[PDB]
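To begin, one chain is listed below as structure tokens, in the form deposited in one PDB entry.
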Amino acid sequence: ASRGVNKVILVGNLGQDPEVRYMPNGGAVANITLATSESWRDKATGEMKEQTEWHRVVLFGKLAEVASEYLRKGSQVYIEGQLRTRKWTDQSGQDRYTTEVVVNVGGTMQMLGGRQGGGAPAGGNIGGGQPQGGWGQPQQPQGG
């Protein structure tokens, strides 16, 4: 199996506001930044040192939409995506940018306090109802 597993689990706070960008052709796309912290008391004559990691997280589809309307700086989110390193030339110099992508297998949930609203957090993809209560149709799958 050359495929393998590429998973990133994050729980952190948006160190800044969500940058949403709609694309009437491919869909919307939000870019947020999450910080994770580590505290250890030590080193010289100092009281507990801190070190925070900032993570570039890119949301697609409905997740980027949900984000945009309900997420703001300071929000606490749980994120499940995969790593993506992309190349680009800043002018003549080749550069690489690593980010955490939230595709269809991944997800995001608003933490902090209080849940969402009507059937959320979610994201149209897999599911449905397919009520089976007509004059027949007892054969084929109930769908869903």
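Each residue number is its position in the shown sequence, starting from 1. Take the two forms, superpose them, and find the largest set of C-alpha atoms that agree within 1.5 Å; that set is the rigid core. Shifts are known only where both forms have a C-alpha.
Not pictured, yet referred to below: the form deposited in another entry.
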Does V105 shift between this form and the one not shown by 2 angstroms or more at the C-alpha, the core having been superposed?
yes
Is the C-alpha displacement of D95 equal to or greater than 2 Å between this form and the one not shown once the rigid core has been superposed?
yes
Output row for the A67-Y97 CA distance, |change| of 3 angstroms or more in that other deposited form, reads farther
Which way does the C-alpha gap of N104 and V58 go in that other deposited form, closer or farther, given it changes by 3 angstroms or more?
closer
Where the Cα shift reaches 2 Å or more for at least three residues in a row, which ranges qualify between this form and the one not shown on a rigid core fit?
92-112
